[PDB]
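Asker: Please find one structure pasted underneath; my questions will follow.
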Number of protein chains: 2
Amino acid sequence: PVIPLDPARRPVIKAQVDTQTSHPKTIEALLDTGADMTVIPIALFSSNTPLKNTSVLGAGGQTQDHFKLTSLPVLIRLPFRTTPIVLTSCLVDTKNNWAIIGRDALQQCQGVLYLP
Amino acid sequence: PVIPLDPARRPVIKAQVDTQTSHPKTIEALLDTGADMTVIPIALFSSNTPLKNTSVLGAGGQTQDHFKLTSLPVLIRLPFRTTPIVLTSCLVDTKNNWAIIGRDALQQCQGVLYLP
Ligand SMILES: CCC(CC)CN(C[C@@H](O)[C@H](Cc1ccccc1)NC(=O)O[C@H]1CO[C@H]2OCC[C@H]21)S(=O)(=O)c1ccc(N)cc1
């Protein structure tokens with residue numbers, strides 16, 4: 001679909017996310033052309049799963065271990081798509097439990113930004 | 001135009017930004033559906049101009065005084081638009097010197113995100 005853009009209403013969608021470490025779960029995610037890489041909440045995992053450490057530039061500065069990287073691919077199913085998006089790896093938010101769909105995922109839908 | 005989305009290439013545009021506190025300048029700005037409010041580099045203002053304090057949602061944590069708010073409106077002109085975008089207020093980057101076109105401005109462009 002077409003997603004209108006408004007400062008007052010964040011552009012979110014419901015996504016079924018499969019980390020391959022528990023059953024798939026539906027989350028509400030921010031669609032974000034300024035994010036290079038998708039971010040999913042640590043709440044989707046088991047607390048026995050291995051993650052890798054990572055650096056990331058952010059809007060508050062540069063932090064230590066706020067974000068981790070998944071070891072296995074993550075599959076994401078959108079309501080309007082038959083096929084899952086398969087991300088070889090994506091970021092994991094161990095604090096705020098943000099859910100952000102980034103350009104790695106939007107490229108696989110062939111999503112585009114259109115300014116008339 | 002149509003702007004394809006790619007994890008490896010940031011969706012950027014050239015925009016002429018008028019802070020009304022110095023002469024207008026063309027800068028390169030990131031097109032960002034995840035930003036509620038447009039962000040302008042402090043370099044575009046005069047060093048005699050008043051800005052106000054405020055907090056901002058950001059990655060890596062919470063940024064008290066990284067970002068300030070403008071006192072006067074900001075006008076933005078795009079390559080394909082004669083008429084300016086008028087932002088009654090927008091964020092100012094006093095450090096990393098980022099330029100981000102947020103949803104306040106994309107709404108006046110009639111910009112949209114399209115997922116096939
Ligand atoms: C410099 C912005 C960077 C580009 C390198 C990208 N950000 C996306 C941003 O859209 C983020 C996404 C975000 C949205 C809401 C709450 C937390 C994060 N929010 C944000 O910083 O925008 C702020 C400025 O406008 C204001 O309105 C919304 C927040 C304010 S991010 O959160 O720090 C981010 C950076 C890299 C990856 N791989 C994933 C996410």
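Labels for the structure tokens follow display order: chains A, B, ..., residues from 1 in each chain, ligands from 1.
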So which residues touch residue 94 in chain B within 9 Å, counting only C-alpha atoms, skipping near sequence neighbours fewer than 5 positions away, as a list in words?
Answerer: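 My reading of the contact set: residues 40, 41, 42, 43, 65, 66, 67 and 68 of chain B.
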Asker: Counting only C-alpha atoms and all ligand atoms, which residues in chain A sit no more than 9 Å from ligand 1? For each one, give the nearest pair of atoms and the distance in Å, sorted by chain then residue number, as a Markdown table.
Answerer:
| residue | atom | partner | partner_atom_place_in_ligand_line | distance |
| --- | --- | --- | --- | --- |
| A:7 | CA | ligand 1 | 27 (O) | 7.8 |
| A:10 | CA | ligand 1 | 15 (C) | 8.3 |
| A:30 | CA | ligand 1 | 14 (C) | 7.4 |
| A:31 | CA | ligand 1 | 12 (C) | 8.9 |
| A:32 | CA | ligand 1 | 10 (O) | 6.0 |
| A:33 | CA | ligand 1 | 10 (O) | 7.5 |
| A:34 | CA | ligand 1 | 6 (C) | 4.8 |
| A:35 | CA | ligand 1 | 39 (C) | 4.1 |
| A:36 | CA | ligand 1 | 38 (N) | 4.2 |
| A:37 | CA | ligand 1 | 38 (N) | 3.8 |
| A:38 | CA | ligand 1 | 39 (C) | 6.0 |
| A:39 | CA | ligand 1 | 39 (C) | 6.1 |
| A:56 | CA | ligand 1 | 36 (C) | 6.4 |
| A:57 | CA | ligand 1 | 35 (C) | 6.2 |
| A:58 | CA | ligand 1 | 33 (O) | 3.8 |
| A:59 | CA | ligand 1 | 33 (O) | 4.7 |
| A:60 | CA | ligand 1 | 33 (O) | 7.6 |
| A:61 | CA | ligand 1 | 33 (O) | 8.7 |
| A:90 | CA | ligand 1 | 38 (N) | 8.2 |
| A:91 | CA | ligand 1 | 38 (N) | 7.1 |
| A:96 | CA | ligand 1 | 17 (C) | 8.7 |
| A:98 | CA | ligand 1 | 17 (C) | 7.3 |
| A:100 | CA | ligand 1 | 40 (C) | 7.0 |
| A:101 | CA | ligand 1 | 39 (C) | 8.4 |
| A:102 | CA | ligand 1 | 39 (C) | 6.7 |
| A:103 | CA | ligand 1 | 38 (N) | 8.7 |
Asker: So the first atom is CA of residue 73 in chain B and the second is CA of residue 20 in chain B; what is the distance between them in Å, to one decimal place?
Answerer: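 CA of residue 73 in chain B sits 7.6 Å away from CA of residue 20 in chain B.
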Asker: Given identical sequences, can you show me chain B least-squares superposed on chain A via all its Cα atoms in order, as an mmCIF file with C-alpha atoms, in the first residue's frame?
Answerer:
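The result, stored in selection-v1.cif:
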data_model
loop_
_atom_site.group_PDB
_atom_site.id
_atom_site.type_symbol
_atom_site.label_atom_id
_atom_site.label_comp_id
_atom_site.auth_asym_id
_atom_site.auth_seq_id
_atom_site.Cartn_x
_atom_site.Cartn_y
_atom_site.Cartn_z
ATOM 1 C CA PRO B 1 0.027 0.234 0.241
ATOM 2 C CA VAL B 2 0.466 3.979 0.230
ATOM 3 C CA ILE B 3 1.593 5.298 3.592
ATOM 4 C CA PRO B 4 1.142 9.060 3.989
ATOM 5 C CA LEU B 5 3.773 10.891 6.024
ATOM 6 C CA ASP B 6 2.726 13.041 8.990
ATOM 7 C CA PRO B 7 4.854 14.465 11.814
ATOM 8 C CA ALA B 8 2.092 13.595 14.300
ATOM 9 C CA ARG B 9 1.545 9.904 13.369
ATOM 10 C CA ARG B 10 4.499 7.510 13.133
ATOM 11 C CA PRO B 11 4.383 5.366 9.955
ATOM 12 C CA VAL B 12 3.935 1.929 11.564
ATOM 13 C CA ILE B 13 3.074 -1.534 10.332
ATOM 14 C CA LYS B 14 2.186 -4.900 11.923
ATOM 15 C CA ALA B 15 4.836 -7.470 11.035
ATOM 16 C CA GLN B 16 5.272 -11.091 12.064
ATOM 17 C CA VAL B 17 8.897 -11.557 13.197
ATOM 18 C CA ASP B 18 10.634 -14.979 13.366
ATOM 19 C CA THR B 19 13.919 -14.837 15.298
ATOM 20 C CA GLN B 20 14.181 -18.637 14.879
ATOM 21 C CA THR B 21 14.877 -18.734 18.655
ATOM 22 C CA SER B 22 11.225 -18.852 19.853
ATOM 23 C CA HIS B 23 7.781 -18.838 18.317
ATOM 24 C CA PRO B 24 6.979 -16.053 15.839
ATOM 25 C CA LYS B 25 5.230 -12.933 17.117
ATOM 26 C CA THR B 26 3.307 -10.139 15.433
ATOM 27 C CA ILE B 27 4.611 -6.743 16.565
ATOM 28 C CA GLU B 28 4.138 -3.125 15.525
ATOM 29 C CA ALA B 29 7.182 -1.753 13.713
ATOM 30 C CA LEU B 30 8.229 1.754 12.647
ATOM 31 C CA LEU B 31 8.910 2.060 8.907
ATOM 32 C CA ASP B 32 12.208 3.940 8.764
ATOM 33 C CA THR B 33 14.077 5.024 5.623
ATOM 34 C CA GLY B 34 16.762 6.448 7.858
ATOM 35 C CA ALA B 35 17.694 3.033 9.321
ATOM 36 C CA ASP B 36 20.396 1.034 7.502
ATOM 37 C CA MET B 37 19.484 -2.088 9.445
ATOM 38 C CA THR B 38 16.310 -3.440 11.006
ATOM 39 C CA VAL B 39 16.007 -3.327 14.814
ATOM 40 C CA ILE B 40 14.185 -6.017 16.859
ATOM 41 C CA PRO B 41 13.222 -5.999 20.570
ATOM 42 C CA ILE B 42 15.229 -8.429 22.671
ATOM 43 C CA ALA B 43 11.906 -9.724 24.085
ATOM 44 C CA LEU B 44 11.385 -11.682 20.875
ATOM 45 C CA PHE B 45 14.372 -13.998 21.418
ATOM 46 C CA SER B 46 15.033 -16.789 23.886
ATOM 47 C CA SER B 47 17.167 -16.053 26.898
ATOM 48 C CA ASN B 48 19.489 -18.930 25.943
ATOM 49 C CA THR B 49 20.445 -17.466 22.631
ATOM 50 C CA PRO B 50 23.836 -16.032 21.614
ATOM 51 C CA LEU B 51 24.044 -12.462 20.298
ATOM 52 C CA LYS B 52 27.218 -10.635 19.319
ATOM 53 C CA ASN B 53 28.497 -7.202 20.325
ATOM 54 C CA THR B 54 28.812 -4.168 18.029
ATOM 55 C CA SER B 55 28.450 -0.363 17.786
ATOM 56 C CA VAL B 56 25.567 1.575 16.171
ATOM 57 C CA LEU B 57 25.129 5.033 14.688
ATOM 58 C CA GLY B 58 22.585 6.765 16.889
ATOM 59 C CA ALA B 59 21.192 10.091 18.003
ATOM 60 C CA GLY B 60 22.376 11.739 21.197
ATOM 61 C CA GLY B 61 25.811 10.119 20.709
ATOM 62 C CA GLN B 62 27.295 6.622 20.237
ATOM 63 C CA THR B 63 25.855 3.416 21.715
ATOM 64 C CA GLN B 64 28.392 0.635 22.350
ATOM 65 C CA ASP B 65 26.319 -2.040 24.095
ATOM 66 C CA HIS B 66 22.750 -0.774 23.802
ATOM 67 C CA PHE B 67 22.477 -2.801 20.575
ATOM 68 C CA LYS B 68 23.723 -6.313 19.858
ATOM 69 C CA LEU B 69 23.667 -8.299 16.607
ATOM 70 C CA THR B 70 21.786 -11.551 15.934
ATOM 71 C CA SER B 71 23.533 -14.867 15.350
ATOM 72 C CA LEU B 72 20.826 -16.393 13.087
ATOM 73 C CA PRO B 73 18.844 -14.806 10.241
ATOM 74 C CA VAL B 74 15.475 -13.169 10.995
ATOM 75 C CA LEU B 75 12.419 -13.733 8.829
ATOM 76 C CA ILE B 76 9.715 -11.092 8.557
ATOM 77 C CA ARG B 77 6.231 -11.439 7.080
ATOM 78 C CA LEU B 78 4.054 -8.496 6.230
ATOM 79 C CA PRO B 79 0.242 -8.459 6.052
ATOM 80 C CA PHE B 80 0.250 -8.071 2.263
ATOM 81 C CA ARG B 81 3.132 -10.494 1.528
ATOM 82 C CA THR B 82 2.956 -14.287 1.512
ATOM 83 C CA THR B 83 6.731 -14.818 1.353
ATOM 84 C CA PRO B 84 9.126 -13.814 4.154
ATOM 85 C CA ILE B 85 11.780 -11.154 4.211
ATOM 86 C CA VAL B 86 15.061 -12.809 5.087
ATOM 87 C CA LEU B 87 17.557 -10.657 6.965
ATOM 88 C CA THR B 88 20.908 -12.342 7.303
ATOM 89 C CA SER B 89 21.635 -10.145 10.321
ATOM 90 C CA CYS B 90 19.883 -7.378 12.190
ATOM 91 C CA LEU B 91 20.226 -5.263 15.321
ATOM 92 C CA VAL B 92 18.746 -6.215 18.703
ATOM 93 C CA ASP B 93 17.474 -3.654 21.209
ATOM 94 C CA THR B 94 18.433 -4.895 24.672
ATOM 95 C CA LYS B 95 16.801 -1.850 26.366
ATOM 96 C CA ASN B 96 14.184 0.565 24.878
ATOM 97 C CA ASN B 97 12.571 -2.394 23.234
ATOM 98 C CA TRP B 98 12.079 -0.636 19.792
ATOM 99 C CA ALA B 99 10.893 -2.345 16.574
ATOM 100 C CA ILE B 100 12.162 -0.631 13.427
ATOM 101 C CA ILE B 101 11.854 -1.792 9.827
ATOM 102 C CA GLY B 102 14.955 -0.477 8.079
ATOM 103 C CA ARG B 103 16.169 -0.296 4.505
ATOM 104 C CA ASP B 104 17.521 -3.874 4.499
ATOM 105 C CA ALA B 105 13.900 -5.063 4.773
ATOM 106 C CA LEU B 106 12.255 -2.340 2.693
ATOM 107 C CA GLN B 107 14.585 -3.222 -0.212
ATOM 108 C CA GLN B 108 13.187 -6.773 -0.307
ATOM 109 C CA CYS B 109 9.642 -5.299 -0.170
ATOM 110 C CA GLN B 110 10.543 -3.241 -3.219
ATOM 111 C CA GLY B 111 9.573 -0.277 -1.057
ATOM 112 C CA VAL B 112 10.201 3.266 -2.251
ATOM 113 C CA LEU B 113 9.874 6.841 -1.107
ATOM 114 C CA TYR B 114 7.970 9.076 -3.532
ATOM 115 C CA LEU B 115 8.156 12.865 -3.524
ATOM 116 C CA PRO B 116 5.737 14.391 -6.103
#
